[PDB]
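Everything below concerns the one structure shown next.
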Amino acid sequence: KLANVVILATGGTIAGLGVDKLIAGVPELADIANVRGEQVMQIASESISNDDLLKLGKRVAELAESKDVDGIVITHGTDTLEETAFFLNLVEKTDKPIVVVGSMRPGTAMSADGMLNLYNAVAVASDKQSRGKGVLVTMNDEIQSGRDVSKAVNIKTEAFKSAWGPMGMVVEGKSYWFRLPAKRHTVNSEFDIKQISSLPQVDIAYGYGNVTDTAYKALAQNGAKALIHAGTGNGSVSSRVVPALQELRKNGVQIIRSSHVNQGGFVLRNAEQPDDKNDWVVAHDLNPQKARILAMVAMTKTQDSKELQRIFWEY
Amino acid sequence: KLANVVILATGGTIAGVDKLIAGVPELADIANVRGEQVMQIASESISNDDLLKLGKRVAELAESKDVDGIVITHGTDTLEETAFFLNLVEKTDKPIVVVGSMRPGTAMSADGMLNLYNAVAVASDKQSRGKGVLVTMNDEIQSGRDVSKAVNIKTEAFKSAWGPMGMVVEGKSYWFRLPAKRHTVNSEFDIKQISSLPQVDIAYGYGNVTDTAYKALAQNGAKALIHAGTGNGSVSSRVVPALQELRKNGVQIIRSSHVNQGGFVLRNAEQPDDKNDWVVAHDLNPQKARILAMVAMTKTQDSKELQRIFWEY
Amino acid sequence: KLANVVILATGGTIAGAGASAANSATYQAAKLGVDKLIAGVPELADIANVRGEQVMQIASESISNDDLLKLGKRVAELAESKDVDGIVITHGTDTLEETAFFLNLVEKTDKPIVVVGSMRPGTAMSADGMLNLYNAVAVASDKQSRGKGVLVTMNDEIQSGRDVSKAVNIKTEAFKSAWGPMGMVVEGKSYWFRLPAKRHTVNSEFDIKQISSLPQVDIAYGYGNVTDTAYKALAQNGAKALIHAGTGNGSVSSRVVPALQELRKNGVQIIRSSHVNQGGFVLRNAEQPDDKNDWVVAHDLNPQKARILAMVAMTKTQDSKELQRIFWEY
Amino acid sequence: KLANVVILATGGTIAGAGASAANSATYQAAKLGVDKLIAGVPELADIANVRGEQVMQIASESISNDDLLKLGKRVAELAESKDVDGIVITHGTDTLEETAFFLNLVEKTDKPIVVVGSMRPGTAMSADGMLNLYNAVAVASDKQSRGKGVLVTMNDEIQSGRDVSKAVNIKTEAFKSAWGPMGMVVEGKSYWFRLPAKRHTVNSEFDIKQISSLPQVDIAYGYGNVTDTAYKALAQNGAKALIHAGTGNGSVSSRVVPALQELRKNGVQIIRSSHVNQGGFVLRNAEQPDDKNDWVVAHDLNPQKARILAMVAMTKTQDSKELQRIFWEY
Ligand SMILES: N[C@@H](CCC(=O)O)C(=O)O
Ligand SMILES: N[C@@H](CCC(=O)O)C(=O)O
Ligand SMILES: N[C@@H](CCC(=O)O)C(=O)O
Ligand SMILES: N[C@@H](CCC(=O)O)C(=O)O
């Protein structure tokens with residue numbers, strides 16, 4: 001008796017309803033699982049919204065809770081795949097496999113990667129080995145953690161990378177594992193989608209030579225409840241920007257120091273800025289867009305900067 | 001006989017210039033070195049005025065017959081931006097090397113001593129002539145054009161998608177690739193003709209992003225905006241209208257990305273650049289693309305010329 | 001208060017010395033005693049109660065199986081002591097990976113074991129060993145390191161002793177794993193991101209207490225126009241297993257397959273590894289009919305790693321099916 | 001209006017076939033002829049005037065020196081023809097990197113030569129060969145490819161044939177260079193970022209037109225507890241050079257040095273490479289006294305690459321100092 005896998009489609013070039021086309025076009029899935037599909041949205045992923053994430057997250061929770069669902073696959077555009085994957089990893093309190101998957105090459109193109117990617121995603125979602133591992137991403141014959149995998153290379157099929165390595169590989173339908181997650185996720189998370197009805201607004205500003213405070217102030221004036229600073233180096237802040245950040249913090253905007261140095265390492269508390277004195281937070285190893293996701297989720301529960309720091313150290 | 005190398009210090013934790021030099025007595029074996037303190041900043045705080053001053057000084061020194069090569073000691077946070085700028089604007093074949101250290105020189109196992117030795121070694125080497133600006137960290141010879149700070153904390157921080165061009169070991173340089181892109185002597189740009197740098201700013205793309213940062217940055221003076229998009233410089237549907245509006249208002253729109261380990265942003269792929277009169281940044285990360293756009297806008301505001309530039313440099 | 005950490009010195013560049021500070025590459029390995037190595041890092045005393053022993057003083061390219069056993073037995077004796085909280089081995093980098101894996105297989109302890117070396121001698125400008133040794137002692141003293149298997153702490157990284165390997169020459173980032181670092185160590189603090197998945201230490205079926213002498217295992221290389229000569233000669237001179245370092249997915253030339261069949265028939269185990277070592281793994285029954293031939297694939301393990309696992313496994317079994325299970329579990 | 005490109009087929013996974021679409025890894029190589037390869041990509045007509053020839057039909061792990069010569073001589077004949085603008089070779093991935101370096105050394109032409117394979121057979125879901133082949137033909141037809149040396153065009157990359165290696169098993173990103181890709185090929189279009197520094201093709205001192213049969217060169221591996229047995233056996237059975245695939249910086253065990261000294265004195269060249277293949281290079285006089293012993297270091301070249309260069313080099317010289325020059329220039 002094969003596993004029952006539900007594919008929740010959101011758009012992207014992997015659809016080459018989109019979900020019906022996939023289920024019709026990859027008849028090999030039937031070898032490895034009983035598939036059914038639902039079109040949760042039809043979007044280019046760069047245009048995803050928080051309302052989209054909530055709808056998706058709620059749906060995945062409903063399915064996870066059903067006795068007739070064994071694993072879930074989410075098909076997605078590649079641009080913000082990493083953000084959805086981390087979101088789900090924080091809010092879905094389930095041990096059932098959840099896999100997110102896309103295609104780097106346009107789905108109808110010569111040698112396009114999506115077909116095998118989707119076959120692998122359904123394989124992984126149907127595998128007992130996937131239970132309790134958090135959200136997974138299955139691109140380039142790899143099993144990557146949805147927490148810290150990122151789109152790192154443009155164009156190429158090897159696009160999705162993590163500083164901490166792949167956890168496994170998927171080959172001819174079989175999963176081979178080499179590492180386990182360390183960080184908090186899914187059933188061991190403090191967050192639960194079932195209790196989240198809205199998400200706070202979080203925005204991201206970049207650091208670079210000759211940067212001013214303008215983007216920071218403007219983003220806050222248009223509703224940001226936290227600012228993810230994408231700094232140079234070790235979350236460094238220009239001396240022209242620090243005063244604004246102090247003022248914004250006082251005004252109640254959380255200040256989270258991430259970086260655009262995203263192949264490896266992490267941002268160290270109290271190294272480049274006096275985070276304790278200013279009541280700021282460091283994003284640890286998390287890239288800016290990952291940091292935004294964590295901040296948003298966390299701020300559904302707490303606005304205590306020390307708790308936020310704990311969170312950024314545990315997830 | 002030894003090369004005449006000048007060390008231009010600008011700051012960073014590799015750090016005065018006289019201390020740096022005194023800290024590596026071994027420099028004397030490989031070159032005749034002199035020092036000048038151009039500035040003393042944390043490189044995250046660098047300004048365009050600082051870049052202009054450094055660039056002009058490097059050109060003045062490169063014109064001297066008493067100078068064979070130039071090492072610039074720098075904070076690592078915007079090293080990559082400085083190195084690229086110099087690669088664009090200095091029309092000299094003399095070696096120009098930019099160097100820093102990921103650990104403080106007071107730290108255990110600090111990397112700066114040997115970095116600085118190697119920079120001086122590369123700056124004195126005939127093989128370095130005509131190679132464009134070089135960066136010499138982690139025993140590598142990296143191109144200033146496309147090396148970037150990619151790993152935090154670790155001494156292997158500076159990486160290029162196109163690989164190291166060479167290595168430096170026990171003072172000797174070993175080359176394996178050559179640059180392909182326009183630089184230094186073959187640049188159309190010259191610091192000696194630049195007295196002003198146009199304001200260029202950068203905005204980030206992510207889920208649920210709005211047009212707010214872009215509009216605000218333009219309102220506060222940006223002549224070009226570098227879009228650090230998701231994926232292949234992709235732009236949210238919520239942002240496209242503002243970008244069109246800002247282009248008609250005269251702001252150049254340059255599509256870069258935060259996908260920085262390899263590949264490049266393809267024209268007309270994710271957005272209709274010809275129709276909108278936008279530019280793609282090719283392989284250049286956002287902070288690199290800013291540098292190029294600012295230099296290029298000293299000379300042209302033609303988006304087609306700008307695109308050429310982004311495909312040649 | 002402070003952890004009691006023992007440093008077992010074995011040689012290497014970390015104990016090396018060059019003629020000048022510029023000699024980061026041309027120098028003499030394995031010159032300095034352990035007490036001198038401890039004295040070069042006064043800061044160790046802040047983070048642990050340390051003491052040293054000189055187990056051996058070798059250039060690691062010249063290590064022997066007897067040296068592995070010696071080291072492995074002393075580590076066991078220390079791990080069984082109430083007075084020892086963690087152990088650091090200083091080692092040459094050339095075969096560091098082989099030793100670290102060996103210890104991960106045979107040391108049935110959850111006490112931290114850390115193997116460390118350096119790419120530059122301590123005499124050199126910007127020498128890396130001071131910080132490497134500090135970080136080693138930090139990791140060895142940290143409760144987070146318990147039950148994690150053998151660790152390697154070079155270049156600010158916590159790597160698994162299983163699958164870290166020397167991958168880059170000259171540079172201080174020399175040690176890499178296909179599956180990533182598991183963590184980092186920065187201002188002596190350990191930050192974890194991944195856990196091991198493979199069997200090690202406490203959960204291993206193997207124990208250095210049982211091993212009296214290791215079986216002879218040798219390695220032969222695959223390349224264009226390769227013949228069966230090296231395989232045959234190595235078996236004629238005592239190899240009980242051959243590790244084939246093939247091209248591609250452990251591929252075997254048609255010129256070589258017949259010899260390997262005959263060797264297997266004559267009781268020599270035949271293990272297919274590769275010289276394609278940045279990622280992936282060797283898949284059973286893909287390039288060659290391993291079930292027909294009664295051969296074993298080395299999975300992700302590089303040739304020199306495969307050799308260590310082969311030797312440890314052959315102390316318990318001569319059944320190729322079991323050997324394959326072992327190559328899939330460890 | 002279109003460039004004339006000749007495809008020379010030699011076998012490989014690119015020409016392979018498995019039983020079902022999901023057989024991406026377990027299949028038969030070297031089953032399809034060139035005509036069918038070309039038929040599988042009708043889009044080639046858009047970009048070039050292509051003709052195909054079947055040179056051989058092999059799994060590339062079983063390649064011989066005879067086969068390289070045969071291929072190299074056919075490539076030369078085509079290069080000399082006015083009716084040929086560029087050349088593509090389809091090849092198994094396992095020794096692709098050996099062939100591509102060989103060709104880089106011996107083909108005295110600026111006309112583009114591209115070597116290409118695939119990691120999955122054409123029958124597989126998401127098979128990589130079609131686009132690889134398309135992109136090879138595009139690069140072979142591009143004026144920007146002239147004078148660049150032999151190129152390899154897999155995974156949307158333009159890699160130098162000198163120093164690209166098969167580094168990752170299973171995945172389509174198999175081929176890597178320590179020195180980076182030189183460019184990318186996308187929508188048929190080539191995008192260059194680096195140029196070669198090393199000697200190649202028209203600037204080579206070697207020429208396939210002079211080579212009648214290649215010297216025998218073999219490879220032996222370094223690891224813990226290694227002996228001199230492989231080196232001596234290989235030499236006894238005809239090796240005119242030995243490639244030492246050392247640990248670390250081409251390091252040699254003290255149990256092996258005496259045999260290598262004896263062999264060099266008996267006329268066998270001794271080349272120190274390594275199995276540390278992601279970066280760096282082997283430094284002369286560092287780990288061994290090369291000048292004293294009259295040995296050669298392979299610089300950054302991996303063992304199988306060093307074997308190729310040594311074979312070519314030895315068609316011209318037996319002077320170890322000239323061989324060292326060659327290892328420093330090519
Ligand atoms: N921007 C598109 C690209 C196509 C794709 O990756 O699916 C997306 O993210 O939806
Ligand atoms: N943020 C400091 C760090 C110190 C350094 O890298 O030198 C700078 O870039 O100047
Ligand atoms: N080959 C020597 C020195 C190399 C090193 O330790 O880095 C050894 O492995 O002991
Ligand atoms: N081992 C075969 C198939 C592997 C491949 O081509 O990818 C060969 O090298 O010909």
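Every residue number used here counts from 1 along the chain in the order it is shown.
The way this entry was determined, per its header, is X-ray crystallography, 1.4 Å.
From the backbone N, Cα and C atoms, a Cβ is placed for every residue, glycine too.
Just one of A:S45, A:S126, A:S130 is listed by Swiss-Prot for the same substrate site as A:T78, A:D79, and that one is A:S45. Within 10 Å of its Cβ, the residue among the recorded positions A:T13, A:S45, A:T78 with the fewest other Cβ atoms is A:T13.
Note that 15 residues are not built between A:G16 and A:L17; their Cα atoms stand 11 Å apart. Contact annotation for chain B: of the listed recorded positions (A:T13, A:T78, A:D79), A:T78, A:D79 place their CB atoms under 8 A from a CB atom of that chain.
In the three-state DSSP classification, A:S45 (substrate binding site) falls within a helix. A:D79 (substrate binding site) has a Cβ environment of 28 other Cβ atoms inside 10 Å.
Across the residues the record lists as binding substrate (A:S45, A:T78, A:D79), the two Cα atoms farthest apart are 7 Å from each other. The secondary structure of A:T78 (substrate binding site), as reduced to three states from DSSP, is coil rather than helix or strand. Recorded residues A:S45 (substrate binding site) and A:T13 (active site, acyl-ester intermediate) have their alpha carbons 10 Å apart, per Cα-Cα distance.
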